[PDB]
Each structure stands twice: as C-alpha cells, then as structure tokens.
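Take a look at the structure below.
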RNA sequence: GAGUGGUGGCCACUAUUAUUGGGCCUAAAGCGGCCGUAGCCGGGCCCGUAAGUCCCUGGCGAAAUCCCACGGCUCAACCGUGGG
RNA sequence: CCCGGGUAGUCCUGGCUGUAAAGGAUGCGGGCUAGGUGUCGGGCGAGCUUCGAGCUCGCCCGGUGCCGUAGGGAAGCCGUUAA
Ligand SMILES: [Mg+2]
Ligand SMILES: [Mg+2]
Ligand SMILES: [Mg+2]
Ligand SMILES: [Mg+2]
Ligand SMILES: [Mg+2]
Ligand SMILES: [Mg+2]
Ligand SMILES: [Mg+2]
Ligand SMILES: [Mg+2]
Ligand SMILES: [Mg+2]
Ligand SMILES: [Mg+2]
Ligand SMILES: [Mg+2]
Ligand SMILES: [Mg+2]
Ligand SMILES: [Mg+2]
Ligand SMILES: [Mg+2]
Ligand SMILES: [Mg+2]
Ligand SMILES: [Mg+2]
Ligand SMILES: [Zn+2]
Ligand SMILES: [Zn+2]
Ligand SMILES: [Zn+2]
Ligand SMILES: [Zn+2]
C-alpha cells in the first residue's frame, strides 16, 4: 500500500527528468511536499508549480528545466545537530558545496545551509543535487 | 489489490468535484429527510436508499447539504436515520457478512466433501473478525460482544 | 526479493538479532568463539 | 488535462408518455425507474447505459 | 495557396496511408476510414514541402545525397539528381560508403534525403554516425527517430513518389534563383515516373 | 579567453565530446542555428526556432 | 615544445587528406584541438591528431598497459594471436585508449597506438575536496563513476599533494590525463586489465555529463581542455 | 586495561619492493648522504604530520580551531620552512 | 642493517558478515500453497499537548593515557606550565 | 531391454501418511519509466445487416502471448505480466 507520499514524488521527478519530460503531476499532495517544492524552486532546480483542486487530497503540477542530477528522500529521518552537517554531506553529496540537504526544523523546512547559518538542527528528509 | 485474490480491479464511481448542490435540483433538505425516512420504513438498506434517490428522484448524494443542526459536518443517510431513531443496531456490512456465513454453514452440513466452498467460509470469517476488532476499538459494539457460529 | 529489511527507525532489536543470527554461518567466527581448535590441538596452543 | 476525473453519465429531464409528468432520472440506473405518478416504466437497467422508454427533453449538466 | 491543386494531390494518391499507425505520427493523421486504413493530411504535406524546398536550397548543389532502395523510387531520385545536380544512389546501398575511406566510391555528403526509413535502414544508420541533418519522407507506419525534418506522405506508390520529387526539384530550383517563376519549369511530371 | 560549449536547443543540456549530436541553420528562416543532442534526436523531441518561431522536426 | 612544432609542420605538408575533416585541417580552417569535439564529426585519419596535438608522439606520453597472447584451436595445431592494450595523452586535458591485434608484437603495438589516437577525448578538472579548496585543476572536480564488464569504479576528489590512491592501471591512465590526486573505490574483478582500464576511461568521460552552474565553475576552478596559464 | 607503550616515530613503506619508490629514495639517500633508510623515513613522517594537521583545520570552525591554525603557521615559519607572509594553503 | 630470519595469535586485506555497504531465474540461497496473533511499517486537512527531537544555560563523568604551542635536561625520547 | 501370462495396485466408501524437476527453478503490497502487434471478458461510439445473444472498425478497463527503446546483467537474456 501507499506509505510515503514524499518518496514517490521525488522518485517520480528523477525518473521523469531522465527522459526529458517538461512537466509532471504529483498525485497525493500535502503541505510537506509543497514546502519541499518551494525550497527546490528557490535554488533554481525547478520552474513554476501550482496546486490543482479535485475532491481528493489535490494534485501538484510542476515544470521541469533539466537541471537536476538526482533527487531522493532520506529514510529513516535521522536527527542531526547543528554542527554535524559535514558527514551527512559526504554521505549524500558529491562535492563540498554541491547540492542541498533538506531539513525539517522547529522553525520550518529549509536547506542545511540556512539552518547552519541560524545554528539549529532538525531532521533530514531529502537531498537534491 | 483485492484482499485475498490479489486481482487489480479498478471499476468504481468517478465523483466530480463540486461543493454546492446543482441549480436544477429543486428539493429542500426537509423533503430529502422525509423521503429517506419513507424509504427506510419500506425496509431498504442504507446503500439501496441512495441508489433509489439517485436513479428515480434525480438526487445525487445527500452529502451536498450542510447538517442544519451541526454546521461543522455534512449530511449523510446514517446521520439522518440517527436523528429519528431508525439507525441499525449492528453496522450493515457486518450484518451482511454474518448473514452470508449462516446460509453457507447449513450448506456444508449436507455437503461435507465440498472443500472448495469451505475456504470461502474461512475467508468470510476472517473478514468478520477484522471488522469486529475495528468496531470494538471505536466503541460501536459492547466490549463483551462475541461472534459465535453456534448461536 | 524486495528491499533489505528491516529499515524502520524503531526496529533496532530485530536488526541486531538478524545480524547475530547469520554471523554463525561464518566458519572463522564459529571456530574462534566455540574454541574448536583448542579442543583437538595436540600441542595445546603452544608454538613449539 | 484529465487529472480531475469526470463522470461519463448524465442526468436527464424526461417526460412520461402516459401520465405526462416530467422527472429527472439517471442515465446509468441500477434499478427499474418508474414514473412517480402513474407508475409506468421509464428506464430499463442493463449492463451499462440504460434503455429509455420516455421522451427526452434536456440533457442536464 | 498550394503548390498544386488538391485534386492533383488526391489523384496521385498521396493521402493514402497504411493499416498501421504510430504515436508520433498522429500529428499528421487526418482521420481513419471505416475499413481500418489511416489517411494523411495534405495541407501539412504542402507546408512541409515548401519549408524543405527553402531548406535544401542553401547547400552546395553537389553535396546533397538522395537514396532509394524501393523499385518504384529509383527513377524519381535519378531524375531529381539529374535536374538539381545532386548525387543519387538507386538500388542497393553498399555498406561502408560513408564510413570506409578505402572504398572506391567513398563519399561524405552534407545532407541526405531518405525515401523510406524502414527500407533504407543501412543508409540512415551510416548517416547517424557522421552527424549530418536527415530529411525523410514518412508514412503512417514509420517512426520519427533520428529525423530532423519530416515530410508526411505516401512513400510506396509510384505516382506519389514521382509527384513529390517533381515538386521538390521545382521548389529547389525556384529558391536558388535558377528560374524566375514557378511556371517556367517546363518538364512533364511523367518524366519522373517509372513506366510499366 | 576560453571557448563556449554548445547547448541543445530542446533540453538545454551541454553536448558531450563524442555523442551523435547535430547542428544546422533554421529551415524556415535561416538566421539561427539549431542544435540537437543525441537523446532528443532518438526520442523525436520537438524543437522551436528562437527567431521565426517555426517548430517541429 | 619546439621539436613538436616543426614535427607538425613536417607532417602537415606531405599529408594527403582523404576525409572531410582532414580537408578542413589541411586548409587551415581548423587550428585548435578543441574545435573537433562536440559537433558529431567522425575521426578516421590519425594525422589529424599529429597535426593538432603533436606531443602525443613523445615517448613519455605513451603507455603500454598490457600484452597478452590468445589461442585459436585448429586440426593443425594452435594459432597464436597478440592483443595489446595501450593509451596516450598530452598530460594536460586529453586522453585516448586503444586495443590492437596482430600476428607479432610490433604490429599489434603499432595498431594499438594508432587506435588510441582515434579514441581521443577531453575531460574536466578542478578541486572539489572538503579538506582542500584551492581552485586549481589538480583533481576531478566532483565524484564520478564508471563501469565496464563486472568492474565498477568511483573517483573522489582529494587534497593537493596526496597522490593517486588507485591501482597501477588507474595511475597510468590518470597521469596521462593531467590529474595528480584522487581517492577511489572499486567493485568487481580488477585483475581483468581491459575492463579496469575501460571503467577508468568511462569514469573520466562522465565528467561531461554532470550539470553545473556558473557559480560552480568559479567555486571549484573547473577547467576544460588545456589549463592555459 | 593496559598501560602506555612507547611507539615508533616513523612509518615503513606498505610494500618493500616497488621500483619507482626505490629509485627515488636511492637518489635522495645519495644526495644528502644519510646513513640508513629509517632516518629518511623519519623525516618523511614529519612532513606527513604537518599536512595532516592542515587538512583537518581547513574543514573546521570554532574558537580552538583558529588558535591551532595560527599556532601551526607560527611554528612552521619559525623553523624556516615558510616565508613570513604565508597562508594556510 | 646492530640487526635480520622461523612458528603460533589478533586486526587489515575482505563489500568473505555488508547501518554506511552484499546476495537468492540459469553459479550457495524464496518455505509446495494460503489464512492470521505479537512485532515492524502505515493516506489528506484543522485544533491542543510537549514524551521523542532541536537550541541556550547550571551540577557531574579522578589522575595517568591522547593532540597543540611554549619552557628544562646538548636536541630527542622524558618531564613541567597552559589550551583542547 | 523384446514376446506370451500374471499377484499387489490402479476404481468406490471412512481414516492415516504430508512427500515431487510440488519449476515461472523468479515471496507478497504500492508509485513511476518509448512504442508496435495478436487474443479472451465487460462497457462506449460509428457503419453494415438475412434483424440474429449477428458482422466489421475505433477507444477505455481487466486478463493472456510475441517483437522491441532507455536502463540492467558475467553472459544466456529480462525489458509497464521487469531480472
Ligand atoms: Mg580438420
Ligand atoms: Mg555491459
Ligand atoms: Mg584487570
Ligand atoms: Mg587474505
Ligand atoms: Mg558475494
Ligand atoms: Mg515457492
Ligand atoms: Mg522452491
Ligand atoms: Mg499520514
Ligand atoms: Mg521533549
Ligand atoms: Mg582524567
Ligand atoms: Mg637546553
Ligand atoms: Mg623542544
Ligand atoms: Mg607530563
Ligand atoms: Mg506439476
Ligand atoms: Mg494486458
Ligand atoms: Mg523484450
Ligand atoms: Zn407517468
Ligand atoms: Zn536535447
Ligand atoms: Zn527560424
Ligand atoms: Zn586542491
């Protein structure tokens, strides 16, 4: 059965970008997926996106630009402290500032660079590069 | 997929997204409640009442009208019946499954060698136990209520 | 075969049990812990 | 596009041949549809779309 | 309006497709007849012919190559090469013609015209490896893989191929300035088609 | 100064040194240069001219 | 460098080109090595590389990776054939790998060297290590992967002065390409030299498949082709 | 547990017979007139330690890191291995 | 090189114990098939709580042992003063 | 091994035994990733018709086969019925 809407969205995106699709539809929407999409758009990985209302949980429509090498979810959502971002970067990313880790903190969802600037930790939920 | 047969049927209803009742619908809420009570007194099941309303009176699902008493929730057939004391004591699907199991058991008394039909009985009783556990958790059944075929 | 299991966040006990269970299939580990060589060695662990 | 599911059935306004009454019915009934006044049959159920024996006036939205 | 009257197109049988179809060809399909046979849209054919006529006129005349394995297309490509000065290879395509410098007739063009991607698979395969633009005539059955400019038409009939190549030759001549008007081209269409 | 790496017209990605890409002037206008990468050619992705707006393989 | 200038001049005049690209090079319309890549040309004449990259003929810019002899069985005995795997490069930004066969060793070596030139590629270099951020093209700019047969190779950026932490075949191939420091991880059968070399070659080639932004070019000091001081 | 045991201050090669390494070390030994290989190895280890301290401090941050960074630079240029205006790189 | 060899043990080699990070058509390896209890994993929105989780700050986790700079034995090994 | 005979067994009723190359040598649930072409069940549209629960063509859903793109693999090969 369905267990993780967020993982399906990122796997769908990375599958679609490899065959040059220009847009995708994320089927079960949620606030968390919206936040992740906002963060991804801020750094220029995706184009514009919009929310479409059906009688069910709603759909997301996303424009792709062919600027993503890989995107995935992190399970389990490990907790991370404010000064331990380096080893996770080595575990998931290819260079010392290549891509972003997405962190859920008590102040919202943000990339690990902003969180390190604010000096706070949280839970890792995804990576994009 | 299906619970036991693992097939992947997709047939079902495709309800369009709408909030307010359509303009061409002319009945009011009170007329709908009267119709529901009348049909229930005719002896129909909850699922059948909605079918009759849709087919003959041109009323799509009654879940288009706000509940006049409680503004926070929409109106459903079971709530309408509860407001007048005609609600079933046992949830309808559990009652239907139990009724199916009783009829099958008296068949297997005359046909002890029908092993392929017996597996159907086992699956039916598994469904019954799942449902009774769920209903006990939510408080729709007394905690001492038990399903015994020997009854 | 599906994804390797268990992967859940609160599944430490089962994961540890699985790893302990399948470590006995390793002959080097089994001989060391049960001390099988010492039981049959005519030199009784001496080098000479 | 077709992301939002849309039904293929319709609600119809029909007129009874005998009584002259007008009703609104469903195009895919699962029961026999009869006039609310005279009781005559209006639509016969089938595997899919029903068979209409009355006069069609309008196809509602 | 049109290069030739639509009656001439229909008489030549350009619009007639086959019993099969492809997803990427549906942008050109007009409708499907009651016998299960698909029909092409003629206006798209005319527009693409005009565009292709403009496109081919910018190349050096002798660096254009046209090929045809099918019997009905051998005469039209030969006549087309004779009129426009482009090289034409009818019949069997010798493997290694464009990839093996030791062959006696080694030749590297700048643009190639494919009569049928299915039949001329060897020529297309060799043209892919040298990175030149590809112009092809496509029917309802073909795919558009590795095709840079597509001309929707029936590519199996005799009169159809004759008419298509006649039109294309006239368009090239007009665009490159060797004739001052369309009507000046005094060569009958029947001279492009194989007899008997 | 350095040299600029060509970019596919359809997908916008860079062209690798030894792939089966192609480039040609715009058939309709003849003023712009269209580049097609190997993947776009294989999958028959449509392209659109930046000057005249004419589109499609 | 003076010797190779006159060598290229000497080769250019007495050469009769047979292909379109050879004609372009002979007429002087193409003058730099980087102009023959990324546009789908076919490369079939070795003299092109000799004119454009003369220093690949230096004895110090060539490497004989391996030599083997294989047997075909016939009713009149065993027929022996030689397989030679070789590689060339300019130690700056270009590298090629090749295989040649022959009845005797010298013929196989000549053919292998010849085929290496035709398979020439250019790569990207930089510095992307966490513990060395110097913007100088001494390593791979980011982690890359390649594979061939059963062999999988992963290349990881390293600090300056570390050395080449990889097997000897990888050492030679990376040295011919102009890389000084790297970390690596492998899976599969590395004792199969041909697959190991091809996997390293593919890993180097894949540096062109990673999407990048103008900021990353400045941050990692990415260089394509020659360093150009 | 176990009490302290004093450890060697140099590291031996991973493989005793590599032709290129032997040639390079022979050149160094002949030029600077050392007695035995271990002496040479000692100096090599020193170099490595310096590098290993520089690699660790580049990727660090905080208050102690700055102190150790300036201490490393001061010690290195006190020995005469660096000019007065050198930086960590 | 005042050392250099032999035998036995542990780690590495080894992604041959695999959380990071392995396998199960034909090479070792998917129960003959299914139902289901504990366990593990679990759809969308709103309100509350603050156990997990994150940040700040008090009291602790002896000395010796480890890392760094300076100082004393000729330098060093060793020892002392400070910072971790 | 081939030929002429032949007991148990093979068949029915009530129990026990629980084994096969019991093999798709491929555990089960969910999301996504080019196409082409047969056939079985239901539904929808159009055209014929001897008016048949009939015939032909197109589309949707679910089963059951073959060829094949990206990708995968030591290869044989698998490839929306995924390995
Ligand atoms: Mg013989
Ligand atoms: Mg392979
Ligand atoms: Mg003790
Ligand atoms: Mg060993
Ligand atoms: Mg293994
Ligand atoms: Mg099984
Ligand atoms: Mg089995
Ligand atoms: Mg949930
Ligand atoms: Mg708490
Ligand atoms: Mg202490
Ligand atoms: Mg002193
Ligand atoms: Mg001192
Ligand atoms: Mg002390
Ligand atoms: Mg069987
Ligand atoms: Mg199917
Ligand atoms: Mg296949
Ligand atoms: Zn009536
Ligand atoms: Zn592209
Ligand atoms: Zn244009
Ligand atoms: Zn560096």
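Chains as they are written, first to last, in the entry's author numbering: chain I, 2 to 130; chain Q, 2 to 152; chain N, 2 to 49; chain W, 5 to 65; chain B, 4 to 199; chain C, 7 to 63; chain F, 2 to 230; chain D, 2 to 90.
For each residue, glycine too, the CB sits at the ideal point set by N, CA and C.
Problem set entry | Residue nearest to residue 180 of chain F in terms of C-alpha spacing, selected from F:121, F:230, F:95 | Looking at the Cα atoms, F:95 is the closest of the given residues.
Problem set entry | Proximity test, Cβ basis, 8 Å: residue 82 of chain I and chain N | Taking Cβ atoms only, chain N never reaches closer than 8 Å to residue 82 of chain I, which makes this a no.
Problem set entry | C-alpha gap between residue 56 of chain D and residue 44 of chain C, whole angstroms | Distance between the alpha carbons of residue 56 of chain D and residue 44 of chain C is about 42 Å.
Exercise. Would residue 47 of chain C count as contacting chain I if we go by Cβ distances under 8 Å?
Worked result: Chain I has no Cβ within less than 8 Å of the Cβ of residue 47 of chain C.
For this session: Below 8 Å CB to CB, which residues in the same chain sit around residue 65 of chain B once its five sequence neighbours on both sides are set aside?
Result: Listed in chain order, the non-local C-beta contacts of residue 65 of chain B below 8 Å within the same chain comprise 88, 89, 90, local neighbours out to five positions each way being set aside.
Problem set entry | Identity of the residue in I:98, I:68, I:87, I:39 nearest residue 52 of chain I by Cα | Selected option, being the one with the closest Cα: I:39.
For this session: Rank F:138, F:152, F:80 by C-alpha distance to the C-alpha of residue 198 of chain F and give the top, closest one.
Result: Nearest option by C-alpha distance: F:152.
Problem set entry | Distance between beta carbons of residue 186 of chain F and residue 155 of chain F, contact taken as under 8 Å | With a contact defined as Cβ atoms closer than 8 Å, residue 155 of chain F and residue 186 of chain F qualify at about 5 Å.
For this session: Determine the direct distance from the alpha carbon of residue 57 of chain Q to that of residue 108 of chain Q, and round the result to whole angstroms.
Result: Each residue's alpha carbon lies about 38 Å from the other.
Exercise. Can you name the residues of chain C whose CB is closer than 8 Å to the CB of residue 67 of chain I?
Worked result: Against chain C, a Cβ distance below 8 Å from residue 67 of chain I picks out 17, 18, 19.
Problem set entry | Straight-line gap, residue 80 of chain Q to residue 2 of chain N (C-alpha atoms, nearest Å) | The C-alpha of residue 80 of chain Q lies about 47 Å from the C-alpha of residue 2 of chain N.
Exercise. Should residue 31 of chain W and residue 54 of chain W be called a contact, given that it needs their Cβ atoms to be closer than 8 Å?
Worked result: Yes, Cβ-Cβ distance for residue 31 of chain W and residue 54 of chain W is below 8 Å.
Problem set entry | Contacts of residue 129 of chain F in chain I (Cβ-Cβ under 8 Å) | Those within 8 Å of residue 129 of chain F in chain I are 95, 96, 97, 99.
Exercise. Applying the criterion that 16 or more other CB atoms from any shown protein chain within 10 Å of the CB defines a buried residue, is residue 14 of chain F buried or exposed?
Worked result: Burial call: exposed.
For this session: Starting from residue 194 of chain F, follow the beta strand (DSSP E) in both directions and report where the run begins and ends.
Result: For residue 194 of chain F, there is no enclosing beta strand (DSSP E); the residue is found in the alpha helix (DSSP H) stretching over 194 to 206.
For this session: May I have the straight-line CA-CA distance separating residue 59 of chain D from residue 72 of chain F, to the nearest angstrom?
Result: Roughly 56 Å separates the two Cα atoms.
Exercise. Using a C-beta cutoff of 8 Å, does residue 115 of chain I count as contacting chain F?
Worked result: For residue 115 of chain I, no Cβ of chain F is located within less than 8 Å of the residue's own Cβ.
For this session: To the nearest angstrom, report how far apart residue 31 of chain F and residue 47 of chain F are at their CA atoms.
Result: Rounded to the nearest whole angstrom, the C-alpha separation of residue 31 of chain F and residue 47 of chain F is 16 Å.
For this session: Taking only runs that begin and end inside the stretch 108 to 196 of chain B, name each unbroken beta strand (DSSP E) of 3 or more residues, in chain order.
Result: For the stretch 108 to 196 of chain B, whole beta strand (DSSP E) runs of length 3 or above, ordered along the chain, are 114 to 117, 137 to 141, 152 to 155.
For this session: Let me know the secondary structure DSSP gives residue 121 of chain Q once reduced to three states.
Result: Three-state DSSP puts residue 121 of chain Q in a helix.
Exercise. How about residue 196 of chain B and residue 79 of chain B: are their beta carbons less than 8 Å apart?
Worked result: When the beta-carbon positions are compared, residue 196 of chain B and residue 79 of chain B come within less than 8 Å of each other.
Problem set entry | Short-range partners of chain W found in the stretch 3 to 35 of chain I, where Cβ spacing is below 8 Å | So the close ones are 26.
Problem set entry | Residue burial classification, residue 77 of chain B (beta-carbon count within 10 angstroms, cutoff 16) | If you draw a 10 Å sphere on the C-beta of residue 77 of chain B, you find 16 or more other C-beta atoms in it, and that means buried.
Problem set entry | Close-in-space but distant-in-sequence residues of the same chain around residue 126 of chain B (CB under 6 Å, 5 per side omitted) | Hits under 6 Å: 70, 96.
For this session: Provide the residue(s) that pair with residue 80 of chain I in DSSP beta bridges, ordered along the chain.
Result: Beta-bridge partners assigned by DSSP to residue 80 of chain I: I:124.
For this session: Could you say if the stretch 41 to 58 of chain Q and the stretch 71 to 86 of chain Q meet the contact criterion of at least three C-beta pairs nearer than 8 Å?
Result: Counting Cβ pairs under 8 Å, three or more are found: they touch.
Problem set entry | Whole-number beta carbon distance between residue 34 of chain C and residue 57 of chain B, since they are thought to touch under 8 Å | Contact flag correct, Cβ pair sits at about 7 Å.
Problem set entry | Distance CB(residue 95 of chain Q)-CB(residue 136 of chain Q) smaller than 8 Å | Taking 8 Å as the Cβ cut-off, residue 95 of chain Q and residue 136 of chain Q qualify as a contacting pair.
Exercise. Are the C-beta of residue 42 of chain F and some C-beta of chain B separated by less than 8 Å?
Worked result: Yes, its Cβ sits closer than 8 Å to a Cβ of chain B.
For this session: Could you say which of F:123, F:24, F:12, F:21 lies nearest to residue 11 of chain C if we only look at CA atoms?
Result: For the options F:123, F:24, F:12, F:21, the alpha carbon positioned closest to that of residue 11 of chain C is the one of F:123.
For this session: Would you check if the distance between the CB atom of residue 95 of chain I and the CB atom of residue 130 of chain I is smaller than 8 Å?
Result: Taking 8 Å as the cut-off, the Cβ atoms of residue 95 of chain I and residue 130 of chain I count as close.
For this session: Give a single yes or no on whether residue 60 of chain C has its beta carbon closer than 7 Å to a heavy atom of ligand 19.
Result: Yes, the beta carbon of residue 60 of chain C sits closer than 7 Å to at least one heavy atom of ligand 19.
For this session: Kindly say whether residue 74 of chain Q, judged by its beta-carbon, lies nearer than 8 Å to any beta-carbon of chain I.
Result: For residue 74 of chain Q, the answer is no, since every Cβ of chain I falls outside 8 Å of its Cβ.
For this session: Determine the direct distance from the alpha carbon of residue 58 of chain I to that of residue 69 of chain I, and round the result to whole angstroms.
Result: Residue 69 of chain I and residue 58 of chain I have their C-alpha atoms roughly 27 Å apart.
Problem set entry | residue 219 of chain F versus residue 112 of chain B: straight-line alpha-carbon distance, rounded | If you take the alpha carbons of residue 219 of chain F and residue 112 of chain B, they lie about 41 Å apart.
Exercise. Exposed or buried, what is residue 30 of chain N when buried is set at 16 or more other beta-carbons lying within 10 Å of its beta-carbon?
Worked result: Burial is judged here by how many other beta carbons sit within 10 angstroms of a residue's own beta carbon; residue 30 of chain N has fewer than 16 and is exposed.
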